[PDB]
Each structure stands twice: as structure tokens, then as C-alpha cells.
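Summary of the model geometry
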Amino acid sequence: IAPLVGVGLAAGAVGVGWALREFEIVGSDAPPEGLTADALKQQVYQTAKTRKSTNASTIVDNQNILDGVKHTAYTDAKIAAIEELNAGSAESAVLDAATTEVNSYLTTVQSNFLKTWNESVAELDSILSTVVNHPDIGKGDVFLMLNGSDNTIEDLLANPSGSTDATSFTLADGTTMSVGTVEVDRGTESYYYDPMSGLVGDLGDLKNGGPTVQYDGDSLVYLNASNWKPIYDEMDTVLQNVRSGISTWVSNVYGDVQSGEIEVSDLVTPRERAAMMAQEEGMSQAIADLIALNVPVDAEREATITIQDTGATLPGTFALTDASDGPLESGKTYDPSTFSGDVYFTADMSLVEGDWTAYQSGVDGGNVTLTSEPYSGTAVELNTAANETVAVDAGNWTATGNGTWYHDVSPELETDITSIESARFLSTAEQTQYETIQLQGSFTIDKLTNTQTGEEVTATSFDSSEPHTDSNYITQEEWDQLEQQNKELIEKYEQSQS
Ligand SMILES: *[C@@H]1O[C@H](CO)[C@@H](O)[C@H](O)[C@H]1NC(C)=O
Ligand SMILES: [Cl-]
Ligand SMILES: [Cl-]
Ligand SMILES: [Cl-]
Ligand SMILES: [Cl-]
């Protein structure tokens, strides 16, 4: 089965909780030993494809949410600085309390980011163990093993956190963390890759940066330090800018802002609210986390989109990392690849629709054939020439090695021998499946509707709270507005999702 988000919507899953709190990382799932030659090659490819997808869903595809990390860091730093200020502490103590909150929060962000990389290197190490141990296969049968010069590398190794060849990274907290490395053996010399160092930069590096996993003519690159280095550098820029900025903020506020002027002890931070929602059941977490990361959102305008490449229709709300790409308009086609920022879409996956054209017209004795893989959590509803409608779930379609999907529909049919005139796909799910996806492929807004008034509007309006700076959030009004804008955005999504 093909993933609905990945293929059907030409999108990516969104997990941004790692930038807000301690996040649950997807554990290593390396193929077992004792497998057949083909199955190991297949499972190594599947293990790398799933790892690339989960690393993209959380870290790699969301590099533009770090502006929200900067905003979140400032909220906690300023609150702690205001507490010490209201208590009549020395400027030193006010700044120390602020910096500790910056360092404590950014350690949780750095740790989540490096644990995601560590789990990938650890899983790679157990892949390379299973590959070497397999009697019929070597590393070159599953990996490209080429460098920039298109020459075969001496060896591809993975040193998990704790290993002698794993790097030691100092967190904002001042504590040390071991980070796993992707090793390229060059004899006596060796290349080590981690999110901090990235690639070496010469032709001795892996042809495509990270290991290239190949199986049955299809291949993929993952664990590419070139994709992790810009995220680390921007995260490191944020840590340095918030530290220097809060030192400036404290100097501008100390003496000027009097004790009792600002009262933010009773205030529940957007980060805290999203952490609380993560502990319970309710609205979809990625949008709760995206609101907490102060990403411009249009909660009030429901848009029905058509993913151009597949024809999949989906109703939902938009979120833009950079509202400069916006305002998105009704009837217009948008290419997210031309956008300066990233496009997010919160929708009920149970409402995914779309015309299915990847089918064979001839029904050979009840056996209906599909020329493309059906999507996960969906069912292909076929309309026969004798006006008979039958829906078959994705898991009930049987695959052949020649890229076709068959299912015996003779028990549900009266006229087994017929021709399929029409076909469409719809969700299998009975309950709501609200989720946030990142739009990668082109899409057209077929309609825009204001959810409160119920009217058909022509443009979108993105809302976010004022971002933090070294001179702002020095008044009660500013802090009360932050609290209120967050509360009304959460309530808006909580109302729409029930
Ligand atoms: C497939 O068919 C079974 C009956 O054999 C049905 O109960 C189930 O809902 C279907 N779902 C999948 C994904 O196989
Ligand atoms: Cl490789
Ligand atoms: Cl990756
Ligand atoms: Cl790099
Ligand atoms: Cl979600």
C-alpha cells in the first residue's frame, strides 16, 4: 500500500513537538538476521525509507519552525526575568534566570534533534551488522558505496552515541551529549558525519552526502548531514541571538519597568498549553504545536484543495511559516516549491476524496485490476457498466510483481464480466482523522469558506502573535494579547475538530 499523505496528497507528515518539549522518538527498526537475500535488501530499503520519512516529518522538512523556537525561548526567558524583577532582584540575577530558561528550553530542542539523528545512526549500525552477517549479501548489494569521484568507498560505518568514534556535543545547559556519526572509511583517514559538522566538502564524501539505499531499481538518500547542518546552524544562531538579545532586553527593562508593572506568573504560555494538550485527548497535536510555535495560521477560512498531480480533494485550514507566500486565493494554483517558507494543512483525512483513473476497463470474471497502488486508509469505489457500485479497502487489493493490483469482486457482483466506467477513492475511517500535513506538491484552492459567517470568500488572512525582540513585551497589554490570541486560536481549532 502507498501512504495517503506521501503519495495521494504529495505531502509530508508533520511532527514539531520536539521543538516545544521532550518528544517520543521512533525507535530503531533494523531488519532481522536470518532473512532471505531479497527480503533483507527489501527490508533495509523499507527501514531507510521509513527513517527518512520520520526524520523529514519531524526535523528535515520543518527547518522554518525555528523562528517559533526563538519566540518560545523569549516568552520563557522574559517571564523568568519579570519574576526576578518583581521580586526586586539584582540585574545579574534577572539575566541569569532569563538565560537559564533559554538554555533549559534550547537543551530540550537540541537533545530531541540529536536523539532523532542518534536513533538513525544506531539503526544504520544494526543494518550494517545484519548486512555483513548475511552470508549472501555485502554492503555494496544494498548501498551505492560511491563518493563524489564515482569511486567505491573503502567502507560505510555507523558509530552510535557512546562509541569511541561518536562526537561529544555541549548543550546550552552546559551538559554533554554523545552524537552518532556516519563514517566513510578512506583507509587510515576517515570522514565522520553528524548534524554539527555536516559533510567534509570534497569529492571523498558519499556521492549524495548520506548513504544511498538501493533495492529493485529504486534508491533513496537519507542520513544526509548536508540536510541536518542548516537546521543545526539556524538552531545555534537562535541560541546565540536569544542569549545576546535577552541580555539587551534585561538592560533596557531593568529600572524602567517597575515591580508590579507586568504580572505574568498566572499566565499559561502557548508552549505550556500545547504540552498540556499533548498529555490528553482532544484536537490534533501538530496544529496545537504549530500555534504554540507562533506560525501564521488561518483558522477562520476552510479551504477545499485539489492536489494537481493526483486529483485528491481535501477540506482544511492553512498555516504558513512565511505569510509573504500568502495571502492564498480561491481558484488559484500554488506551487509550494516556489514559496519562501513551508505550507502546512490541517485537515480531516477521513474526508479525502478523488477520482480514480488508474484501473483496467475489463473485469475478467470478477477480478478488477488497478494500474496504481491504492492509498492507505482509503478504498477504491468502482462503478461497473451495469451500474453496480463496490468499494474495496487498500489492504484487500492483491499485488503482482508487474505493478498491478487485483481483487475478486465476484461475490459482491451479479454481473462478474463487465467494464469499469467510473472509479473514485474515499477514506475507510469511521471516526475523524484530523492531521497536519506539509504541502510539497502543487495544489489548487477550489473553494474558500469563512467557517463562522458561512460565506464563500476569495482570499486568506494569516494570524500570529507579535514576535519577540529585545525591546518588546515590556507592557501588560502585550502579554495579555499574547495569552488571548493563543487561547482564541486553540478554541477555534477545538470547535472545528468536534
Ligand atoms: C478487508 O476484507 C475484510 C473481510 O475479509 C473486511 O472485514 C475488512 O474491513 C477489509 N479491510 C482490509 C484493509 O483488508
Ligand atoms: Cl552509500
Ligand atoms: Cl534523514
Ligand atoms: Cl554540509
Ligand atoms: Cl497531528
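Residues numbered from 1 in each chain as written, not as in the entry; some residues may be left out. Chains lettered and ligands numbered in written order. Heavy atoms only, no water.

As deposited, the entry is annotated with X-ray crystallography as its determination method and 2.46 Å as its resolution.

You'll find the protein entered in the PDB entry as VP5, with Halorubrum pleomorphic virus 2 given as the organism. Its PDB title, taken directly from the record, is "Crystal structure of VP5 from Haloarchaeal pleomorphic virus 2".

Considerations on the overall build of the protein
Worth spelling out the cut-off: For the purposes of this entry, the term helix denotes a DSSP run of H or I that reaches at least four residues, the term strand denotes a run of E that reaches at least two, and both are numbered from the N terminus. Note on method: radius of gyration uses C-alpha positions; expected globular size equals 2.2 Å times residues raised to 0.38. We get accessible surface area from the Shrake-Rupley algorithm with a probe of 1.4 Å; when it comes to residues, only the shown protein chains can shield them. When charges are counted, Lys and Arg contribute as positive and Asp and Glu as negative, whereas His and the chain ends are disregarded. Charge positions are represented by NZ for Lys, CZ for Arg, CG for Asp and CD for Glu.
Along its length, the protein carries eight helices and 22 strands. Taken over the C-alpha trace, the protein has a radius of gyration of 26 Å; the compact-globule value for 498 residues is 23 Å, and the two agree within 12%. Working note: accessible area of the protein is about 21,900 Å², and carbon and sulfur atoms make up 42% of it. Side chains of the protein carry 21 positive and 79 negative charges; the gap between the two charge centres is 3 Å.

Section: the site of ligand 1
Quick reminder of the rule: One heavy atom within 4 Å of a molecule or strand makes the whole residue count as near it. Pairing of N or O atoms within 3.5 Å defines a polar contact, subject to two protein rules: one partner must be a possible hydrogen donor and the other a possible acceptor, and residues neighboring in sequence count only if both atoms are side-chain atoms.
Near ligand 1 you find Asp393, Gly395 and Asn396, and these make up its full shell. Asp393 places a polar side-chain atom, nitrogen or oxygen, 3.0 Å from a nitrogen atom of ligand 1. Measuring from an oxygen atom of ligand 1, one finds a side-chain N or O atom of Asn396 at 2.3 Å. Relative to its free-state accessible area of 360 Å², ligand 1 is covered by the protein chains to the extent of 31%.

Quick notes on the packing of helix α3 (residues 66-86) against helix α4 (residues 91-133)
Threshold: All axes are obtained by fitting lines to C-alpha atoms, using only the stretch in contact for helices, and the reported angles, taken between N-to-C directions, cover 0 to 180 degrees. Small angles under 35 degrees read as roughly parallel and large ones over 145 as roughly antiparallel, with 65 to 115 read as roughly perpendicular and the rest as oblique. We call a crossing left-handed when the near helix sits turned anticlockwise from the far one by less than a right angle, and right-handed when that turn is clockwise. In what follows, a contact means two residues having at least one pair of non-hydrogen atoms within 4.5 Å.
Viewed as axis vectors pointing N to C, α3 and α4 meet at an angle of 150°, and their least axial separation amounts to 8 Å. For the element pair α3 / α4, the angle class is roughly antiparallel. Where α3 crosses over α4, the two elements pack in a sense that is right-handed. Here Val69, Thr72, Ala73, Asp76, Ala77, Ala80, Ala81, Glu84 and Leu85 of α3 come into contact with α4, specifically with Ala93, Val94, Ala97, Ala98, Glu101, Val102, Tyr105, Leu106 and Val109.

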